[PDB]
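Novice: In the entry's author numbering, the protein residues as written are 9 to 175. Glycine included, C-beta positions come from ideal geometry on N, C-alpha and C.
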């Protein structure tokens with residue numbers, strides 16, 4: 009697989025989540041956090057902690073919502089991971105998708121190429137390792153929830169990715 013920064017490495021609080029995903033999944037949903045971006049390991053580790061803190065302490069969720077987070081440092085940050093149901097795309101989508109989120113707001117610009125590569129590698133690993141059906145469907149957050157996520161420019165980008173379709 010491609011490299012993922014493990015939870016302990018970004019100093020994540022422990023998960024309190026219990027719900028497991030039933031693999032393999034038919035969907036990936038790409039979001040943006042609409043929060044701050046980051047472009048070094050140090051700042052992106054802190055940004056992952058910020059998102060987690062928001063989700064757990066402010067919102068009361070059992071863990072950071074996303075299965076994975078993508079930094080503009082070019083690294084993937086382990087969130088709930090491949091096996092645990094996320095909280096990213098609404099109650100009906102959570103159990104049937106992997107939610108990956110780019111840290112930042114991509115309404116007006118795209119993530120840097122190292123971020124795009126990291127996300128694409130992650131999905132390729134997801135397919136290789138059996139988390140995702142070989143023919144999975146890629147969706148933008150806005151395709152399944154009321155939101156502009158993952159941002160106009162990033163949305164236009166992913167509409168051209170393999171596995172994108174519709175809606």
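Can you list, in chain order, the residues of its chain with a C-beta nearer than 7 angstroms to that of residue 163? Leave out the 5 residues immediately preceding and following it.
Specialist: By 1-based counting over the chain shown, the position of residue 163 is 155. These residues qualify, in order along the chain: 148 and 150.
Novice: According to DSSP, is residue 152 helix, strand or coil?
Specialist: One-based indexing of the chain shown puts residue 152 at position 144. Of the three classes helix, strand and coil, the one that applies to residue 152 here is coil, per DSSP.
Novice: Near residue 156, what residues of its chain come up, given a Cβ to Cβ distance below 7 angstroms and the 5 sequence neighbours on each side ignored?
Specialist: Numbered from 1 along the chain shown, position 148 holds the residue referred to as residue 156. Closer than 7 angstroms at the Cβ level, and outside the excluded window around residue 156, lie 115 and 150.
Novice: For the beta strand (DSSP E) that contains residue 59, what are its first and last residues?
Specialist: Stepping through the chain shown from its first residue, residue 59 is reached at position 51. Here residue 59 belongs to no beta strand (DSSP E); instead the alpha helix (DSSP H) covers 49 to 61.
Novice: Quick check on the burial criterion: 16 or more other C-beta atoms within 10 angstroms. Buried or exposed for residue 134?
Specialist: Counting from one through the chain shown, the residue named residue 134 turns up at place 126. Residue 134 comes out buried.
Novice: Exposed or buried, what is residue 24 when buried is set at 16 or more other beta-carbons lying within 10 Å of its beta-carbon?
Specialist: One-based indexing of the chain shown puts residue 24 at position 16. It is exposed - the Cβ of residue 24 has fewer than 16 other Cβ atoms within 10 Å.
Novice: For my contact list, residue 80 and residue 13 are in at a C-beta cut-off of 8 angstroms; report their separation, rounded to the angstrom.
Specialist: As a position in the chain shown, residue 80 is number 72, starting the count at 1. As a position in the chain shown, residue 13 is number 5, starting the count at 1. The Cβ separation is near 14 angstroms, so there is no contact.
Novice: Ordered along the chain, which non-local residues of its own chain (more than five positions away) have a Cβ less than 8 angstroms from that of residue 143?
Specialist: The count along the chain shown starts at 1 and reaches residue 143 at position 135. Answer for residue 143: 171, listed in chain order.
Novice: On the three-state DSSP scale, how would you describe residue 114?
Specialist: Here the question's residue 114 lines up with position 106 in the chain shown. Correct three-state label for residue 114: coil.
Novice: Can you confirm whether the segment 87 to 106 touches the segment 18 to 34 when touching is taken to mean that 3 or more C-beta pairs between the two stretches lie within less than 8 angstroms?
Specialist: Verdict: yes, contact present.
Novice: DSSP state of residue 141, grouped into three classes?
Specialist: By one-based count along the chain shown, residue 141 stands at place 133. Three-state DSSP puts residue 141 in a strand.
Novice: Alpha carbon to alpha carbon, what distance is there between residue 124 and residue 44?
Specialist: Position 36 of the chain shown holds residue 44. Position 116 of the chain shown holds residue 124. Computed Cα separation, rounded: 17 angstroms.
Novice: Based on the DSSP output, what are the partners of residue 45 in its beta bridges?
Specialist: As a first step, residue 45 must be located in the chain shown, where it is residue number 37. The partner list for residue 45 (beta bridge, DSSP) is empty, contrary to what the question assumes.
Novice: Just grab the DSSP bridge partners of residue 72 for me.
Specialist: As a first step, residue 72 must be located in the chain shown, where it is residue number 64. Answer by DSSP bridge pairing: none, since residue 72 is not bridged.
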